[PDB]
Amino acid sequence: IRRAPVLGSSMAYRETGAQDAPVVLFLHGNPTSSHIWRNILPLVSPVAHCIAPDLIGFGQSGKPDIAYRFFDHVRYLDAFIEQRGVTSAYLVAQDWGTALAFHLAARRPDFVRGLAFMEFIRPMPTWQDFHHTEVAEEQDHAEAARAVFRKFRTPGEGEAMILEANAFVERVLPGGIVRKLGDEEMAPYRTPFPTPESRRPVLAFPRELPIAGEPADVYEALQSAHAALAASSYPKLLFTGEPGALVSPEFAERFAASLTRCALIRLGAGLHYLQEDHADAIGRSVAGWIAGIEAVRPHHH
């Protein structure tokens, strides 16, 4: 684990691959860290310089006294990119990582060599757009998801659940993984969050989710980023699980077909944290895709 000084604090990151290969930036979301990519990085490192940062307040990153809003993560990630001297990269992202990737691509399209993504954030006009699905057998699950996230966004209740009980780490995370993680696999997800204070960024994130116009700044930024994504022509790779969570199989198919140059990769049984159930498949998919793109569109005295 390496450490980059960023805005008076620091961001931890993992790095692998040759310095002269294309950069791939791996972006985690809530409540994870670069730890979620641990079994994916070794499969991509043969073809790319892989960099996987821990978002500020997550993993082994610093814990500065900020609110940890989406726009805070934006600023810290931009400072990290500059600190590392990265001038362009492929982006691989899940959860809030996708929002960061979409917003980066909206501001700096020339930066983006390609975007591989899954279980992404989009503006959600109604609560039925959170965990959207029309499949009858999924309706109870979708309602339960909506109910818990409504509670996370409720004053008092969110604090009790996420800060006191650590429910995002202890319940939501395993709840989005089909297999049961080994204890040694689970431990590094827990270690960043020993106290209610330390859990502040974890509570911040669901309160940033763009639902029914609020918070308006995130909602509008993600509308703008999704419009940019829709018009974009850079290579895109969307992964889909069955049933998934934020992205249903039906929606993934429709969303991918509606973009330009977006392939859809089918992972099979999966929920929100697809990396933990499909590390090998995701890693090999991304490595092949980069090899393909670079084939066609790429020391002496």
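Numbers for residues come from their place in the sequence shown, where the first is 1.
- According to the record, 4 to 9 deposited residues between residue 298 and residue 299 are left without atomic coordinates.
- Of the two segments, 35-43 and 254-262, the one listed with the higher mean B-factor is 254-262 (C-alpha atoms only).
- Legend: mean Cα B-factor per stretch from the PDB entry, 53-61 versus 232-240; the higher mean is in 232-240.
- Each of 79, 187, 91, 203 has a CA temperature factor in the record; the biggest one is found at 187.
- When the Cα B-factors of 72, 164, 208, 217 are read from the PDB record, 164 comes out highest.
- Per-chain ranking of the deposited C-alpha B factor places residue 271 in the middle third.
- Per-chain ranking of the deposited C-alpha B factor places residue 142 in the middle third.
- Residue-level temperature factors show residue 110 in the highest third of its chain, judged at the C-alpha atom.
- Residue 199 sits in the lowest third of its chain by CA B factor, as recorded in the PDB entry.
- When all modelled residues of the chain are sorted by CA temperature factor, residue 227 is found within the middle third.
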